[PDB]
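Chains as they are written, first to last, in PDB author numbering: chain A, 1 to 295; chain B, 1 to 295; chain C, 1 to 295; chain D, 1 to 295. Cβ coordinates follow ideal geometry from the N, Cα and C atoms, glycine included.
Protein chains: 4
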Amino acid sequence: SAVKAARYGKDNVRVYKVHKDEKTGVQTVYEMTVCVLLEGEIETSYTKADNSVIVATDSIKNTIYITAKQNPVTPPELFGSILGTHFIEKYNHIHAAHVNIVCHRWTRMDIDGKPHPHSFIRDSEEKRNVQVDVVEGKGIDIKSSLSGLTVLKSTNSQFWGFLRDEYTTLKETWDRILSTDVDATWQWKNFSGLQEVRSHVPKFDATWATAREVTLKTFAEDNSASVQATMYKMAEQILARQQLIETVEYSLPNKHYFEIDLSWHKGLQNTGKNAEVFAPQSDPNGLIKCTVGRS
Amino acid sequence: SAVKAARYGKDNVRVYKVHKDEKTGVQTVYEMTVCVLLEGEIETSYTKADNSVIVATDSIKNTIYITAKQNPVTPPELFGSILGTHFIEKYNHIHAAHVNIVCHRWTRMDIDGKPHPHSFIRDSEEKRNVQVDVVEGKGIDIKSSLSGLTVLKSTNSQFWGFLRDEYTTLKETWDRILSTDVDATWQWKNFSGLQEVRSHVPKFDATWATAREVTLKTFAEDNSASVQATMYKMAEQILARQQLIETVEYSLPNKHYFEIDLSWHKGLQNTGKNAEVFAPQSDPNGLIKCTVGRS
Amino acid sequence: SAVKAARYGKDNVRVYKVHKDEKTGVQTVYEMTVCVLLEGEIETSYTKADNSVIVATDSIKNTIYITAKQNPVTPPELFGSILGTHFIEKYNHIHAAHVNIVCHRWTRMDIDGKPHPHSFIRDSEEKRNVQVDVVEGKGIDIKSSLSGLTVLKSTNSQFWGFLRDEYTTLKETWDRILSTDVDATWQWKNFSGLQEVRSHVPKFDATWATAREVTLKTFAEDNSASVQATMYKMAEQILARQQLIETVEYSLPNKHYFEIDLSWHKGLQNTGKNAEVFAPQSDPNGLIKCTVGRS
Amino acid sequence: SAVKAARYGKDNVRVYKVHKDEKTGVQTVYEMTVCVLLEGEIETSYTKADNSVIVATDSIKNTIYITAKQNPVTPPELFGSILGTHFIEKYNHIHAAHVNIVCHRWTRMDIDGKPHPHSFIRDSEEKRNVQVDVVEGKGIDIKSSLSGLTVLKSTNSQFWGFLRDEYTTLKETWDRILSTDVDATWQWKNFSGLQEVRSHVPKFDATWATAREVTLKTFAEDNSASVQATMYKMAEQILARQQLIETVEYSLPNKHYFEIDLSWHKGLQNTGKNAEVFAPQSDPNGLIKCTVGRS
Ligand SMILES: Cn1c(=O)[nH]c2c(=O)[nH]c(=O)[nH]c21
Ligand SMILES: Cn1c(=O)[nH]c2c(=O)[nH]c(=O)[nH]c21
Ligand SMILES: Cn1c(=O)[nH]c2c(=O)[nH]c(=O)[nH]c21
Ligand SMILES: Cn1c(=O)[nH]c2c(=O)[nH]c(=O)[nH]c21
């Protein structure tokens with residue numbers, strides 16, 4: 001039998017960093033959860049009990065804290081690239097590093113209509129993530145994403161004209177609620193190395209901001225023919241705004257809100273144009289995905 | 001053996017309601033999760049298999065939807081009072097109704113710097129809750145609360161001068177991170193019945209807004225001597241601003257962020273005044289509670 | 001304003017202890033999650049920023065580990081009583097200790113049809129818990145419980161003869177699925193102090209075993225007229241088997257499994273006597289409670 | 001811009017099925033959660049708002065229930081293959097179906113030392129899963145797995161001889177606790193179609209049983225040199241026992257239990273050979289993976 005693939009490392013490493021401006025006294029915090037998995041010439045640790053090739057996962061954890069202490073942790077695309085590059089340069093037998101970072105929100109509080117210097121609030125569970133794969137001799141591949149962005153529109157969503165056969169009971173509709181949790185990922189063109197990633201630093205935050213803005217505006221303004229149609233419009237726009245992106249992927253659940261027929265009770269009217277009270281459904285849910293690239 | 005206490009009903013009933021202003025075309029959504037438990041002369045369903053005294057939990061579910069269709073669902077203090085009163089008036093053998101409502105956030109989206117008519121975003125998992133106990137002949141007792149409000153301040157929190165004995169290892173500090181998830185509850189004076197609850201309707205939203213504002217401002221501005229001291233200041237203020245509140249209760253976890261000593265690595269300085277990178281601790285956590293009333 | 005009630009302490013303290021029999025070489029592990037909250041003359045920490053009265057929550061954490069090192073951790077009723085008694089005896093101004101312990105399952109593995117000396121498996125998420133309140137001058141009050149015991153029976157459950165009115169749509173049934181997650185609590189007679197708790201040590205594990213056995217056998221064998229009726233039969237039996245219990249409380253969700261009408265598809269028969277495929281409902285759920293004591 | 005990849009369908013479809021033996025009166029239940037995603041000539045639903053190519057996700061849900069009603073649901077490898085084949089044969093423009101099934105445990109209860117005919121218990125949260133990809137013209141690819149199997153051994157695990165450099169603080173050890181949640185996947189040789197899957201039906205349950213048995217025995221009996229070494233031994237054995245498996249993949253977290261130094265308290269000895277009380281760590285955790293195939 002043989003080892004076809006192997007990777008190992010440390011997951012769920014929580015890190016917080018504070019930056020203090022001695023001038024203004026203003027403080028800014030960053031909190032993330034980091035995972036680093038390594039690959040290389042490590043097969044013998046599995047096959048011959050040879051631990052000599054293993055950089056202990058505890059040491060990988062130490063390295064994450066040390067790297068955060070000596071480098072900026074934002075944007076996460078840069079921090080991930082520095083961290084991944086460290087491992088492949090430091091250890092001759094390690095040839096790839098896979099770094100996943102989830103950034104948690106700590107938004108500056110406004111007290112009395114004005115930004116507080118050192119107090120923050122977690123406004124929603126939405127995350128900004130990055131996946132960075134640093135492979136010796138093959139550069140740096142970065143996928144950036146936003147996830148956990150939950151939205152709902154109460155009208156201006158339709159779903160009619162779908163295939164109807166002997167398995168179909170769903171009625172066509174011209175006015176429904178649409179609600180989803182957005183997961184959007186944009187994949188960057190391959191970078192030759194850290195120097196190239198550093199040269200594009202300003203584009204990272206800007207592109208995340210654009211992806212978020214296009215998602216929200218399109219969802220709110222599109223008179224949606226389907227989740228499929230609306231998501232394609234979002235991806236099209238993002239690709240048009242940033243040339244250094246190769247593909248955009250969206251994965252959207254369709255979280256159903258059902259009408260409740262109350263006519264059995266005193267002829268109460270609560271369906272169609274009279275629908276006011278709905279039952280949110282926890283499961284099942286539609287799941288719609290698409291990856292859009294350049295023609 | 002005998003039945004000392006008994007209650008039964010329906011939990012986890014998800015409800016959504018939309019209000020449409022035909023004039024402006026503006027739509028407003030409300031989403032909540034409701035639990036209703038009843039008490040009364042129902043012992044025989046337990047002791048003699050007598051189902052005749054049971055209002056089926058499925059019927060309680062129907063009743064929640066019907067009541068939401070025919071009444072306003074906001075503020076939740078009023079909706080809960082209407083729902084609880086319904087059961088005790090409708091069924092002669094039911095003498096108490098206990099209604100718990102959790103309101104989920106659906107905040108109107110701003111697109112292009114302006115409120116969208118029918119699109120919403122879930123901004124944080126913070127909840128506004130109510131517990132309403134409607135007891136025949138004893139009026140209506142309402143406890144209102146906010147929970148899941150997660151905040152952090154990066155400085156201006158101290159903890160020194162605590163008891164030191166042979167079980168103590170904790171070092172005193174004059175500058176630490178303070179982070180918590182706020183759970184605050186204000187208990188209203190007993191109301192004689194629905195008419196009295198209706199007479200105070202405007203105070204409900206106003207008091208929730210005040211509780212939230214006082215919590216956030218006090219947390220941000222207090223140079224905290226301890227969680228105990230800071231929380232007492234919050235409760236004091238709320239009681240001073242609303243006479244119809246009898247008590248205010250706070251329950252605050254102390255979510256620890258530990259310094260990381262990196263001196264073993266090239267003499268790197270990351271403790272005390274040089275602390276920049278911290279390790280958030282998932283567990284254990286301090287838990288501090290207090291109930292403040294009027295003297 | 002005044003402090004009406006106050007308690008503080010450490011939550012989510014995970015503890016593991018191993019016992020090694022040098023004779024047989026057999027090892028036994030115990031893993032629990034502990035919470036300790038104290039009450040006493042501590043108001044001034046809230047009102048005057050006086051930390052001198054505070055036993056730091058970090059010290060409470062240290063104390064839990066030290067106590068587990070020097071005492072048996074089983075049965076949890078005894079360990080909780082020792083831990084709570086420690087605080088009220090040690091600190092003159094602390095007058096009550098509230099200890100909650102959740103015991104996690106680590107069941108010895110059987111390899112080749114025989115008990116392994118030092119390997120264990122977590123067989124289900126069911127917990128054994130205790131709540132111990134040690135109050136100066138008022139003895140020790142112990143509530144023991146089992147929770148997270150999930151069961152289902154596919155027939156021999158009925159529900160008919162309930163109240164029918166204009167809010168009712170539910171059909172009567174003589175054959176349905178019954179599924180629930182059992183939460184059962186038995187409250188012991190008050191104990192005068194540690195000496196008395198030690199004198200009854202053998203009854204703790206025995207009573208937990210009896211409660212579990214009676215719950216499982218009654219659920220399996222009762223031709224259930226309702227959740228209410230079946231749960232009362234369980235509580236009756238437990239009270240009859242252990243005199244030192246004052247009350248037994250059960251809290252049971254009714255986790256619904258709905259029939260699916262497939263007749264619209266080629267006249268397929270899947271309801272009533274022909275029901276084979278069902279849809280488990282995640283929410284809402286019935287919730288039925290009862291506390292049974294001695295007449 | 002162009003559609004590079006697209007898939008859509010229904011997730012989180014809960015299904016329960018009961019089988020009743022009219023002879024013995026014995027009943028057997030199966031409960032699963034199913035996800036089906038389709039691919040094919042559906043780009044125009046995204047690009048031109050053409051819903052005519054969409055088999056509604058609600059219809060996919062109906063199809064899952066109908067298929068479960070007319071076919072056996074066990075082993076899940078067969079049920080998944082039937083369900084996936086249905087879509088590609090039924091709809092000319094659908095060319096691939098991806099079916100994921102999670103099977104939940106409902107284990108027959110033993111009452112009075114004997115199997116009950118219709119009562120079951122959920123013994124642990126461990127799952128048996130399958131992923132089936134049915135691709136037109138390319139056969140059926142099946143990956144089977146077990147996950148959520150949580151185990152711990154209190155001794156007979158070592159970790160020494162790993163790389164030591166300026167990032168290393170971890171001490172070598174010859175006796176530690178090892179605990180993990182096992183996720184094991186075995187990938188079958190490609191099958192030409194349903195007929196071939198049906199011909200191997202008996203191997204599915206047998207191979208799952210073997211994978212589970214080999215995992216448990218190896219974990220318990222190996223004097224582990226590392227997680228890497230122990231997991232490789234498991235995969236080797238499974239491959240040797242079933243020729244129709246091409247690869248075996250394991251993904252194992254290393255859930256740390258730390259020693260607690262209590263020497264600061266009255267010289268208490270709780271480290272090394274005297275270690276009895278440990279602190280389970282919720283995060284971070286090592287994560288070790290490997291895919292083993294045939295040489
Ligand atoms: C309600 N609904 C389905 O049943 N399928 C689908 C789909 O593919 N896309 C939708 O936008 N909605 C929807
Ligand atoms: C850090 N810390 C403890 O250990 N105990 C306590 C307490 O009671 N209150 C605090 O504000 N912090 C704190
Ligand atoms: C199905 N069902 C209800 O609707 N109510 C009730 C109840 O009170 N008790 C039951 O056992 N079942 C049930
Ligand atoms: C404790 N520990 C580490 O720090 N790394 C590793 C590793 O790769 N493998 C282990 O078995 N343990 C371990």
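Is residue i helix, strand or coil when you go by DSSP?
i, result
"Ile238/B", "helix"
"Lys114/D", "coil"
"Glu41/A", "coil"
"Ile64/C", "helix"
"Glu31/D", "strand"
"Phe162/C", "coil"
"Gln131/B", "strand"
"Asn51/D", "helix"
"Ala209/B", "helix"
"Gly137/D", "coil"
"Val73/A", "coil"
"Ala2/C", "strand"
"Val18/A", "strand"
To the nearest angstrom, how far is the alpha carbon of residue i from that of residue j?
i, j, result
"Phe162/B", "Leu194/C", "29 Å"
"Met109/B", "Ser145/A", "21 Å"
"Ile238/B", "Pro72/B", "27 Å"
"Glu246/B", "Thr291/B", "10 Å"
"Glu196/B", "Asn62/B", "27 Å"
"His95/A", "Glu259/B", "32 Å"
"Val53/B", "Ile42/B", "6 Å"
"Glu77/B", "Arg294/B", "23 Å"
"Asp133/B", "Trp208/C", "34 Å"
"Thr150/A", "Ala49/B", "46 Å"
Can you check whether the CB of residue j is closer than 8 Å to the CB of residue i?
i, j, result
"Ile140/A", "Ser81/A", "yes"
"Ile101/C", "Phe79/C", "yes"
"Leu287/C", "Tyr91/B", "no"
"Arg14/A", "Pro280/B", "yes"
"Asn270/C", "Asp11/B", "no"
"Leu38/C", "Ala97/C", "yes"
"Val36/D", "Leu83/D", "yes"
"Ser154/B", "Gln27/A", "yes"
"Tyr250/A", "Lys217/A", "no"
"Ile66/B", "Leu262/A", "yes"
Provide the residue(s) that pair with residue i in DSSP beta bridges, ordered along the chain.
i, result
"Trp186/B", "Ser144/B and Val248/B"
"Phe258/D", "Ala279/D"
"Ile288/A", "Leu252/A and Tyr8/D"
"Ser59/B", "DSSP output for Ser59/B lists no bridge partner at all."
"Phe120/B", "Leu152/A and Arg108/B"
"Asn100/B", "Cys35/B and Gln131/B"
In or out: residue i buried (at least 16 other Cβ within 10 Å) or exposed?
i, result
"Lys138/D", "exposed"
"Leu244/C", "exposed"
"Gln158/C", "buried"
"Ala240/B", "exposed"
"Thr173/D", "exposed"
"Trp264/A", "exposed"
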